[PDB]
């Protein structure tokens, strides 16, 4: 998988934990661990942003960045903010597909990522999607992608258990470890 290219998008503008730990900071730090892990594999990476200031780039500029780079894979990292009883990840992908990449490779990426997140010990969401996957038509960022692309909601920031992982350096590395197995797993198929 060395020499392949991955675009990493730490979610910014589509909540926070109870303690006030922001999504944009969680995704940033976890994104950097994922990047470092990928770099160790000889995988080439780009971030959607270069800092974790209060503002980040718009949905169109990030798409233009991703598409211009022609990555092997695009992975966006987010966290949810729904009912606190809800915990765990779900992997979002474009459906119905708007091109052939979305119809196949992006679905494969989503499936492999789902499998690896569970195996790495991150629980599949109990409150959304099915078995940790969610195909949907409403997200502009997935819809506009022309290369393999998924958007991972790593958990619900309002959930006590997810929050505990998110707020912890060790927890963020565990998410990153899971993520790299998912990314590396998909790249190997390509």
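Positions refer to the first chain, counted from 1.
A.B. asks: Relative to the deposited sequence, how many residues with no modelled coordinates occur between residue 14 and residue 15 (none, 1 to 3, 4 to 9, 10 or more)?
C.D. replies: Missing in between: 10 or more residues.
A.B. asks: Out of 35 to 43 and 142 to 150, which stretch has the higher average CA B-factor listed in the record?
C.D. replies: Per the PDB record, 35 to 43.
A.B. asks: According to the deposited model, is the average Cα temperature factor higher in 128 to 136 or in 53 to 61?
C.D. replies: Here the higher of the two C-alpha B-factor means belongs to 53 to 61.
A.B. asks: When the deposited Cα B-factors of this chain's modelled residues are ordered and cut into thirds, is residue 1 in the lowest, the middle or the highest one?
C.D. replies: As the PDB entry reports it, the C-alpha B-factor of residue 1 lands in the highest third of its chain.
A.B. asks: Looking at the temperature factor on the CA atom of residue 83, which third of the chain's modelled residues does it land in?
C.D. replies: Ranked within chain, residue 83 CA B lands in the middle tercile.
A.B. asks: Sorting the chain's CA B-factors, does residue 122 end up in the lowest, middle or highest third?
C.D. replies: CA B-factor rank for residue 122: lowest third.
A.B. asks: Comparing against every modelled residue in the chain, figure out the third that the C-alpha B-factor of residue 173 lands in (lowest, middle or highest).
C.D. replies: Middle third, going by the recorded CA B-factors of the chain.
A.B. asks: Splitting the chain's C-alpha B-factors into thirds, which one does residue 182 fall into?
C.D. replies: For residue 182, whose C-alpha B-factor we compare with every modelled residue in the chain, the answer is the lowest third.
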